[PDB]
Every structure is written in C-alpha cells, then in structure tokens.
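J.: Model the structure of this input:
(chains A, B, C, D and E)
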Amino acid sequence: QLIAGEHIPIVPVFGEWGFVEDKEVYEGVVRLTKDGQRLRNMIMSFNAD
Amino acid sequence: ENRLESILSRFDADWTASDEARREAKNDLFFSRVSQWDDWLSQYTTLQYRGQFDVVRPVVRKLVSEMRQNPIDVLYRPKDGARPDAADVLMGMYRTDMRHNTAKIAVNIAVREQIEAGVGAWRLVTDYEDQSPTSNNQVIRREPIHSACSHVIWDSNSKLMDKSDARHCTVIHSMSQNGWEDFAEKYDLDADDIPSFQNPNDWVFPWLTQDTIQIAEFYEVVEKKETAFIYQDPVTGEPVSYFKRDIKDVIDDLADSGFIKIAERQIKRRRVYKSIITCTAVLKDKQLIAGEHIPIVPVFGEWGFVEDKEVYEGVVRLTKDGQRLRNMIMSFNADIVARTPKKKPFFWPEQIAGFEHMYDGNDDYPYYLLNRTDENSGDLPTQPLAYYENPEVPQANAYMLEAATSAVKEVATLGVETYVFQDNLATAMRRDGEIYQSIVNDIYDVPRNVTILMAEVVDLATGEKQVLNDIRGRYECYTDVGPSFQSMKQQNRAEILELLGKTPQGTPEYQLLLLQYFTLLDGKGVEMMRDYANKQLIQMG
Amino acid sequence: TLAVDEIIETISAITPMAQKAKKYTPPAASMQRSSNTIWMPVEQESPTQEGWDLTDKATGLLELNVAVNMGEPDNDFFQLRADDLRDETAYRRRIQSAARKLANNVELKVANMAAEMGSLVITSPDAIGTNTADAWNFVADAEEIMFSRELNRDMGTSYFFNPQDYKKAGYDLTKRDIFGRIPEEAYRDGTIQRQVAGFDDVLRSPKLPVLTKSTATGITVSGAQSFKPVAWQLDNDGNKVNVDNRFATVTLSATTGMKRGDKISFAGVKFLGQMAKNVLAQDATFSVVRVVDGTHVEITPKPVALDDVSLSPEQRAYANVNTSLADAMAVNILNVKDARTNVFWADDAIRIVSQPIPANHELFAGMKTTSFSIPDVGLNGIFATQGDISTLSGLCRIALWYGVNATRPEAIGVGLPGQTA
Amino acid sequence: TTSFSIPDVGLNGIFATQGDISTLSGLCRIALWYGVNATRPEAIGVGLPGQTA
Amino acid sequence: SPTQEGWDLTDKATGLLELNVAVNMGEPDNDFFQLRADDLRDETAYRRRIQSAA
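T.: Numbers count the residues shown, from 1 in each chain, chains lettered A, B, ... in the order given. There you are, the coordinates:
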C-alpha cells in the first residue's frame, strides 16, 4: 500500500549515539548509575535487616 | 605486475604499519562505549562481582558538549588581487549542499571519536539528484565513517595531520546482506558473489562480533602533466583553457559553437581513481572520480610521530588504568560488604542449652539467661563473651581508591578547555574546503563574473549529455574557518549585526539598521518593514 | 621468559589453481531440499542422415546432464583454556594461520581432484631435461590433443608445472647458447614464458600431487560391454532418476593394483573428433574414478562407441570412441613409474560449489558467529565462539563448506614425464 | 529466552534457545507454565444423560 | 594450525602451541692502544690508527 511522502514517516530521537564495532550503541543517563543504585539499595536493605 | 597484488601489498604494508595505533584506539573506543571490563577471558571462568563505577564518562560528556557548542564550518575568502566578490558563488554552493543533516551528523561523529579514541574521519561523495540539484543535476554530500581508526587506512608514508600528502587510502565498508545487495545494485556488481576482505575489528572482542560483509575501496591520487586546450571565448577574453580529458566528446562541438583552438599547453594536475576490491579480485578497476584530493577528511586529537610510527591519543588512554583500579577496588569492597559473617556472639552449646529461644531476636523477654553448672565440671568456666568482628574496609583499599580517583580526575583534564581539539577540527575543515572546492571545479557549473554579470558557458554533446566548461582561472578564493551558517542570508545577517555592534550611532548605524531590515525573512509585519527599508534606501540613493 | 611481538615469518604459500578455479554458489534454500546436488545440462549434439526418402527415420531429442555436489565442512576447532598466559597472546595468530591452512586445503583438494579426474594423459618416456625443447614439446602435445578433440576452450586454458619440471624447462631455455628476449627473461627470472605453445597461462604450482605407479598387469575386459548415453532411467517404483554422463562402470578380469587416479587405455580404441566424428591417431585414454567391487572399475570418460549397433542415432551422435570393448582387448596402464604430475585443463572444467553455514540464525543463541573471509581463494565461511563453564574454557571453530567438482573430465589433462620401464 | 505469546488462549510462555559449537546444531524450547484450579467445585456441574440402570 | 573435516567434532578441540627463538649478542670486538705523552706531538699516527681500527 503506497503511502504519501518520500521518507519513512518515523522520526527517531537519540541520546548518546555511536558505533563500536559495526554495532549501534545508544545511552541515556540511567545506564551508568545503575550499578551504584543497586549497591546502595542492597546496603540499605542489609542495614534495615 | 598484477594490479591486485600491488594494491594488496600496499594495503598490507599500511595495515601492519598502523597495527599498534589501531589496536589502542579500538581499545579506547570499547572502553569508553561498551564496557570498562575488557578481558573476554573471565566470562567463561567462575563468576564474581564486577561493578562499573564510571568516573571518565562525565569528562567525555562535558568535553563533547563544550566542543560542540561552537560549530565550525568552511568560509571562502577572495585571494589577494582577485575580485572582491570571487567567493560568493562557491560559498553559496557550499551552504546549499552542506546544510543537510548528514553533514552535521558526520562532523559530530568525527568529533566524538576524536575526543574518545583520538582519530575520526568523514567522506565527501557526489551523486545525481534530479529533484533539487545544487548544479549540473548533481549534488555533493558528506557521509560519516564510523570507527575510522580501524575502517580508514591511510598511506604509511604520510607525515601530515590532514593526510594531504597521502597518495592512496583504503576504506573498509562493512554492511549487512541487504546492504551488500543494495551496494551491488548501486555499483553494477554481481549480488551472488559475496565480497571478501579483512575484518576491520581484526578479530578482537569475539564476545562483541556481528555478522557483516566487508568490501574495500581504494582511492589513489596520480599527479601528471596532461594536454590542455586553449580557446578564444566568443564573448571577448582569451585565456579560456580546458582539459582535453574533459573536452573529449565535445571537441567538434566547441568549434561548431564558436570556439577556435588557439594553442595547446601541457599542465600538471592530479586525478583521483577509485577501485572496488575484495581480498581476491578487483571489481571496478580505476573508476575516475571528480576532484584533486582523496575525498576522506581525517580529524585527530593529540597526534604525533614517535619513531616513524604514527600515534594519536584522546582523553581516555591515560585514565584507563586508574579507572580500572578504582573499579577493582570497589568490587573487592562490595565483596567484603556482602560475603562476610555478621557481628554475633560466640556461645558454647551448653551455655545456652535450654534458653535458645531467647536469642533468636524476639523482644518478649526482659533479659537473657545462661546455664551455670555442669554435672562434671562443677561450674561453667568463666570467660568474657566474644563477638565476631564487624566487617571493615581495609585502609589499603580506601587509600588506593582515593588515590586512583584522584589520579583519574587529575589526568582527565583536556588542555587547561578544548582549544587544541578545535584547532585540529578547523584544520580538518580547511582540508574539507579544499576537497570541496576541487570537486566543485570538477563537476559543478561555476559561472565567470565579468565586470562589463555572471556568464555560464556550456555545450551539449550529440548524446544529449552536457559537459561543463570551467576555465583554468578557478582558484580565486582560499579557505578559512568561521561560524557555521545554514545559508548566505543568515551569514549576511550575522555580518550586518557584527558591524552594527561596533558602529557608533551616526549615519552608518542608520545604514546598517536599514540593511538588516532589508535582509529579513518574510511574514507580514517583517514584509512591511523590509518594504519600508528598501524604499528608504532607494530614496537615500 | 616472554617474547617481543616481532613475528618471524616462515611460510609463504600460493594458490594458483584455487584462485583460477571458477566458484559457484547455488541457492541454499533449494539445495538443502535437493540434498546438496544440482544438475546442469551438457551441449547438445545432433545426428545427420543423407537421402531423399526418410519415412520412419525421424529421430528424437536427447540432452545429457551432469551433477555437482559438495563434501563436508573443513573446520578449525580449537579450544582456549582460560587460565593460561597464551590465551590472548596466540589466539589471533591462530585464527590467521587457520585462514591460511583453509585456503591451502582448498587448493590441495582442487589439485588432487584435477589430477585424479584428468582424462587426457600425455606420457613421455624420458624426463623433461633429456632433449632440447622437450618442455615445449610436452606443452604442445597437450595443446594438440585438446585441439584435435574439438574441446571448447572459450573461457581459457591453463598448464600447471611442478617446480622441478619448471626448473628443467627454464634450464633448457637458458642453455640455448643464444640470448634474444625469452632466454634473457629465463636467465634473469626463473620464468620460461607466461604463454607457451598456445596456452594462455603456463604457471608453476608448488603442491601438485605425485601419481604413484600402479602394479596392475595382465588385466583384460570381461565380456563385451556397450555404454549408452542416457539422461534418465526408470527406478523400481517407476520414477525417472537422472544419470550422470561422466561415469562408466566396466568389468575387468581383476582389479588388483588399481586405485583412484590410475590412467588406462584399452587396446584398439581410438579417439574421435567429437564434432566431426573423425578417427584420430591417439589411443583413447581414461582415468579410473573408483574401484568398486573386485572385478569392476569406474572410468570417467564414458566410452560411447561409434560403431555400436545397439545405439539410437541420437545416442551415437555423442560417440567419442571409434570402437567398443570386445571381451579380449587388453588394458594398458599409462602410469608405469612414480612421477610428479603436470596438470593442464580448460578453465571451465573445474568449479568450486559453495554453501553458507547459517549459524547466525537465532537458533544458535549463546554462540557468537561471524563471517570469515578466506584470502587468496574467494571463499567465505563462519567463525563461531562459544563459552563452556564446565571446563572454564572457550571453544572456537572456523567452519567452511565447499566441494570441488569436475564438470568436464574430458577437458582436464595430466602430463607424466619419464614413463619408462 | 524471549517472550512467546500463545494466541487463542490468553497466555504467554518462554521461547528459549541454545546453540552448540562441537556439533553445529541448536535447540528450541517453547515452555508454557500454567495450572488449572477448580476453586468452586460446588459451583461446577456435570450433566450425564441416559444414566439408566 | 591443524584442521579436521566433518560436522560433529565433539571432544576433538585442539589447543594452541607457539614456538620462539632466541637472539643475543656475543663478545665485543675491542681495540687497545697505549701511547706516551711525547708520541702525541704529531698526531698523524694516532689518527691513522683510529681510522684503521674503524
């Protein structure tokens, strides 16, 4: 079914975007903080115990 | 004697020469993009905790934003002794075909790779556009080269930052199956024969590998003296000269249209040839492409030669060690926190025999009770109660974590500011402007501005194809670096505003204000204002 | 003590036959169901009759075919112990050496297949250095037999020497006591010429096989046999199964001493000019393909006799031998002494069928697979890594699937110098 | 493993997949983990026709 | 690298093996020369001895 226009009508929006080894990578602001957040949650749970 | 063998010999020599720098740059890219635990061995082994507490990424983000907030683009300025407005047409063409998203995205990619690994690059290509062409039914566009450190290989005998003296360069294209099919359709190749070339990643990080198809493009620059024809223009003039290679299917058409051959000179110039190759055979042999320079523009960070060996560096290579040590220390300390027996008392079983339910943790009792006597020992031996010691993070761990964090913070300081990186980017933009000017001279219809209006002299062959006619008086403007503007109207507006910012409030201030009103966009109110400004300027003469 | 990253290069191999062999990649989806075999037609030959009245003499149509298939993958399975210093020091170069070895194996299979299926045999009772210009004589004999048999050579020809015979040819050229251009080329460089006696490519191949002598003797045909060119035949259920045209099983007195690759020629059978059906002066030479049973052999050029009465005219139009076996003719073995082989062919006679190993599919999750590009030879395989936690190790495997086929065994040839005693 | 929606019935399951490098083969497993419970047997009924002696 | 043919290669994986060679330096090639103070009033013999040594 032919649709109007000359392009795919989907517009993407990216954060930190790049290629590593022919492989696309994107990142926001949450990926790096996850390890520290998970450690802090674990430590607080242990201390509550 | 074999062309394929010669090309492969050059490529192998260049690959082996650049092996070290490519490996270090790829390591830096993987460290700063995928993960900071780059071993690939301790994944099949026993599993332990490995945390990633990043301290280098904020520096890279700040540097990327800082160097990006000041865009840089080519600016053509007339030479000495040339006409004052000799760069207007070329500048308009550049802003026309470099305003698209592809150019900005390629520049941003190159800048980010220059910050992280130390080297980036982009490419300039020419295509046939039939809808909105820049000139001569053709457009010039800029495309990115991802992982340039491993994908673009320059001539090993090059001692310039912009690689302007490099005689050849090989670019390794990696594409999916559909990408290869599209490439074969585009370049009239056979889609059944999958191309075969060296893997750019060179079999590192096998845990990070993708099913890709590799082909190579070999650009070579040949400088030679070639015959140029001197004609006499029907509309005045005399030094109108053309190259015999370009005027080869319209030689009789020139005479028929009114050009009489005066003389003939041998003039030295460069030709760029492209070859599409695999590791076994050449697909396209020496397809001549437009331009005097290899269409790949490289950007470097901290670049130099150590012992005839090219070394480029960014901002992550030095901080890698401290960051790794900090990660290891934090992982060790998390293991100390997690897997360690807690602080509980040491009891003999007969000390609490019968009173065990008092020590489970409930609060139902006002105190605790202990057994006193044994039927054989008379009384339970007296000894102070011991408690398992609380977990402690060692002073060595704490001190070395502090030292590693301080070392990374100290060594991850680009410059004092990114002035050197921006200067290298400006150098790359100067090379890009040179390449673009040559390509424009080779494919576009550049009018000649006479002081007697712009004159465009072209003729059509018998096969209906049109051949451009560009005189040898072509290099009338040189390349500088200025702010990035999307159009000539915006550039004029910026220049007028800059002049108005320093002009004292006299008659030139009024003149510049009226000019700024003249050069405005159109709605309704700004249309009325521009009409008023035009009338005022015309009346003032 | 550790090393200093300065590899000492010791091996430099070349793959001329492999790089000059044509490579074919049929559709994988169809090949999987067709069981890794595809049939290709052969050039059609028509009969011809003379006369005015030709009632009930109208012939039919007969088109023959051959089949090309594949063998088994050539792998480089190797393990990687985690707790060893070499784990990252050597695995990359192991990958590179695997690529080189795979290319070499492809070349070896090509050379062996050509030398064992080469029907045309040129034998010399003395070495290449005996007389003067006898190397050119050896090449010109192959050119003349391929010209007299009316074999198609549009794509091109090739003649691969073994290094000893190539050196003998160069020595014969240089001992001419004269120096024009060819002798000076052969003196400075070892080459004789790129083109000799009509061949458009005369190379030296370092890994041509040595055809060991056959001890077979006193072998005679057991019973008159006639071979008919057909394209299909009925099976037990009544299905029409195709027939490969490049094979004929003959019954002999005893196949003692025979082996795959032996060159034979029966007594009285002479070649034919294929198109013109004119009797040549050279004995029909065949190459045994496989020794099945104990009294049967399988020779690749099917001996379709011209004087066979039991042949339909269309079948007789495909004749390549002037007579048929007669239960008494003796078979002479042409290779009577050990000698490295020089192999000549037409460039379209040998092909390399290839198929991909689709290990990139989602079915292979947990194993990382990429495409591997073999140098020199134009082939692609897969490179797969998986991790085993029972042994705390990482398995690596470079797989590559292909098969070497000889579509026209009558076009391939073998040269045997010193075939005395 | 990935999710695998079963049509008709409104259920999901696990589509798991593994590969082998020794033998170049692989395995798939469509697992559907569910349990039927009759929480009101006094509300469930059964109709038996033709239950003559 | 060794290679094996076939589809099923379970319990047939090989290890990695590397060889290496040693390069070193032998004894020096000296040249002694003793002279008194009075023999350095011409310097031609000394300079020619240096050249011959090289």
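
J.: Residues of chain C that sit close to chain E?
T.: By CB under 8 Å from any CB of the partner chain, the residues of chain C that approach chain E are C:3, C:8, C:71-81, C:86, C:89-91, C:94, C:97-98, C:100-102, C:105, C:395, C:397. For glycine as for every other residue, the C-beta is placed from the backbone atoms N, C-alpha and C.

J.: Just the ones in helices from those residues, please.
T.: Judged by DSSP state H, the residues of chain C next to chain E include C:86, C:89, C:91, C:94, C:97, C:98, C:100, C:101, C:102, C:105 as members of helices.

J.: Pretty sure the first one sits against residue C:94.
T.: By that I understand residue C:86. No. Look at residue C:86 against residue C:94 with CB atoms under 8 Å: they stay out of range, at 9.4 Å.

J.: So stretch C:70-84, near chain B or not?
T.: Yes. Contact of stretch C:70-84 with chain B (CB under 8 Å from any CB) involves C:82, C:83.

J.: What separates the first and last residues of that stretch, distance-wise?
T.: 39 Å (CA to CA, to the nearest Å).

J.: which residues do residue C:86 and residue C:94 both contact?
T.: residue E:16 (CB atoms under 8 Å, 6 or more residues apart in numbering or on different chains).

J.: Now do the SS call for residue A:45.
T.: helix (DSSP: H, G, I helix; E, B strand; the rest coil).

J.: ok, so what distance separates it from residue B:337?
T.: Residue A:45 is 12 Å from residue B:337, where distance means CB to CB, to the nearest Å.

J.: ditto for residue C:274
T.: 87 Å.

J.: Which one's more surrounded, those two?
T.: residue C:274 (19 against 14; other CB atoms under 10 Å in any protein chain shown).

J.: Secondary structure element holding the more buried one?
T.: Using DSSP states H and E, residue C:274 falls within no helix or strand.

J.: Report the buried residues of stretch C:185-193.
T.: Within stretch C:185-193, the residues scored as buried using 16 or more other CB atoms under 10 Å in any protein chain shown are C:185, C:186, C:191, C:192, C:193.

J.: For chain A, which segments count as strands?
T.: A:16-19, A:24-27 (DSSP state E).

J.: what's the closest of those to chain B?
T.: strand A:16-19 (3.9 Å; CB to the nearest CB).

J.: The closest one - which strands sit beside it in the sheet, and in what orientation?
T.: Here strand A:16-19 is paired, per DSSP bridges, with strand A:24-27 (antiparallel).

J.: now the partner strand, how far from the centre of its chain.
T.: Distance of strand A:24-27 from its chain centroid, counting by CA atoms, centre = their mean, to the nearest Å, is 7 Å.

J.: re the thing from before, neighbour count winner among residue C:86 and residue C:94?
T.: residue C:94 (22 against 14).

J.: The closest residue to residue C:71 other than its chain neighbours: neighbouring residues, count only.
T.: Nearest non-adjacent residue to residue C:71, counting by CB to CB, 6 or more residues apart in numbering or on different chains: residue C:403, 4.8 Å away. Using other CB under 10 Å, residue C:403 has 19 other residues around it.

J.: next one: residue C:333
T.: So residue C:333, with other CB under 10 Å, has 19 neighbours.

J.: How about residue C:389?
T.: 11.

J.: hang on, isn't residue C:142 packed against residue C:120?
T.: Yes. Counting by CB under 8 Å, residue C:120 is a contact partner of residue C:142 at 7.2 Å.

J.: What ranges does the stretch 1-150 of chain C have for its strands?
T.: Along the stretch 1-150 of chain C, counting by DSSP state E, counting those that start in this stretch, strands occupy C:22-24, C:37-41, C:65-69, C:74-75, C:78-81, C:120-123.

J.: partners of the third one in the sheet?
T.: Strand pairing for strand C:65-69, determined by DSSP bridges: strand C:37-41 (antiparallel).

J.: Give me the common contacts of residue C:142 and residue C:120.
T.: With CB under 8 Å, 6+ apart as the test, residue C:142 and residue C:120 both reach C:344, C:413.
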